[PDB]
J.: 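Let me give you the structure first, and then I'll get to my questions.
We count ligands from 1, going down the list as the structure has it; atoms in each ligand are counted the same way. Heads up: numbering here begins at 1 and tracks the sequence. Note that these values count all heavy atoms, side chains included, but never hydrogens, waters or copies made by symmetry.
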Amino acid sequence: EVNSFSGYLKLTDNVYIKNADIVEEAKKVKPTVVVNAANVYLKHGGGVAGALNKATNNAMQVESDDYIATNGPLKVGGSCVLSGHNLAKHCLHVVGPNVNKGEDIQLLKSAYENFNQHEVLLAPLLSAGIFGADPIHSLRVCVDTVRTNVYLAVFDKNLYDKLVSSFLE
Ligand SMILES: CC(C)[C@H](Nc1ncnc2[nH]c(-c3ccn(C)c(=O)c3)cc12)c1ccc2c(c1)S(=O)(=O)CCC2
């Protein structure tokens, strides 16, 4: 079965959310597109990007290095489409702003806009965690910006509960 998302809570007609690890979701669901929370040089050194690369046994990093050699780095708020490997048909590498490194939070709208070129996506909460954005603000930007169908996997039950409570106010 295609895009077999299970156990999500529907927030709006096009945004769903689950307390789950995106890597485990990508193995179970086999989505058409999995979003990576990338950096501009596609160096998958930790967090979500490191976990998705490790699940591909480093095939994602080798492919990413070859892409950067030919095309140069991405811009903050930009994206590229590369192979999904064993995790998805395609990986959409999206660069949200890293507020902890001084990048502009306004670029988070441009980052989510990349999602609208794909009908269905499995994605993480952009710019949250160590990128420093307020995760409740990142969910609000996602809901207001994404028009295609997006399944958000957030690997922390405490944050999940705060995000669902905030949306339902
Ligand atoms: C907010 C947080 C709960 C969320 N975390 C995650 N959300 C969804 N699936 C996840 N898998 C893992 C994971 C991490 C270690 N290892 C070993 C794994 O195997 C699997 C993390 C994780 C998240 C959302 C966005 C971003 C980050 C973190 S960040 O800090 O990586 C910087 C980039 C933006």
J.: Please write down residue, atom name and distance for the protein heavy atom closest to atom 7 (N) of ligand 1.
T.: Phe155 N, 3.4 Å
J.: Using heavy atoms and a threshold below 4.0 Å, how should the contact between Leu125 and ligand 1 be classified: side chain, backbone, both, or neither?
T.: backbone
J.: Hey, could you give me the NZ/OG distance between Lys28 and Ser4, rounded to the nearest 0.5 Å?
T.: 11.5 Å
J.: Looking only at non-hydrogen atoms, find the nearest pair between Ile136 and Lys162 and report the distance.
T.: CD1-CE, 3.6 Å
J.: What atoms in ligand 1 come closer than 4.0 Å to a heavy atom of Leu159?
T.: 1 (C)
J.: Mark up the atoms of ligand 1 that fall under 4.0 Å of a heavy atom belonging to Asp156, in ascending order.
T.: 3 (C)
J.: My question is simple, although I want it checked carefully: is atom 2 (C) of ligand 1 less than 4.0 angstrom from any protein heavy atom?
T.: no
J.: With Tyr16, which residues qualify under ring pair (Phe, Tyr, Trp, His ring centres under 6.0 Å), at least two apart?
T.: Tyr151
J.: Among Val23, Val35, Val48, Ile22, whose heavy atom sits nearest atom 5 (N) of ligand 1?
T.: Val48
J.: Which residue and non-hydrogen atom of the protein lie closest to atom 11 (N) of ligand 1, and at what distance in Å?
T.: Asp21 OD1, 2.8 Å
J.: In Å, rounded to the nearest 0.5 Å, how long is the span from OG1 of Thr148 to CG of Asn14?
T.: 7.0 Å
J.: Run the numbers for me: atoms of ligand 1, each under 4.0 Å from some heavy atom of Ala37, listed by number.
T.: 33 (C), 34 (C)
J.: Could you tell me, atom by atom, which parts of ligand 1 come under 4.0 Å of a heavy atom of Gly47?
T.: 31 (O)
J.: For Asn71, I'd like to know if atom CG has over 12 heavy atoms of other residues, nucleotides or ligands within 6.0 Å.
T.: yes
J.: Decide yes or no on side chain to side chain contact (heavy atoms under 4.5 Å, CB included) for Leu87 and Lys27, but give the supporting numbers first.
T.: CA-CA 6 Å; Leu87 299 178; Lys27 295 180 189 155; 4.2 Å; yes
J.: Would you mind reporting whether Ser166 and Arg140 have side-chain heavy atoms less than 4.5 Å apart?
T.: yes
J.: May I ask which of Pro124, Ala153, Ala51, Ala128 has a heavy atom nearer to atom 19 (O) of ligand 1 than the others do?
T.: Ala51
J.: So, taking the atom named CG in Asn19 and the one named CG in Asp156, what distance separates them when rounded to the nearest 0.5 Å?
T.: 7.5 Å
J.: Suppose we measure from atom 30 (O) of ligand 1 to each protein heavy atom; which comes out shortest, and what is that distance?
T.: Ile130 N, 3.1 Å
J.: So if I count the atoms of ligand 1 from 1 in the order they appear, which ones are less than 4.0 Å from some heavy atom of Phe131?
T.: 32 (C), 33 (C)
J.: Just checking, is any N or O donor in the side chain of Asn53 or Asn58 under 3.5 Å from an acceptor N or O on the other one?
T.: yes
J.: Heavy-atom distance from atom 33 (C) of ligand 1 to the protein below 4.0 Å?
T.: yes
J.: Please give me the minimum heavy-atom distance between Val40 and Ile68, naming the atom from each residue.
T.: O-CD1, 3.6 Å
J.: Provide the number and element of each atom of ligand 1 under 4.0 Å from a heavy atom of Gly129.
T.: 1 (C), 30 (O)
J.: Considering both backbone and side-chain atoms of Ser127, is one of its nitrogen or oxygen atoms within less than 3.5 Å of a nitrogen or oxygen in ligand 1?
T.: no
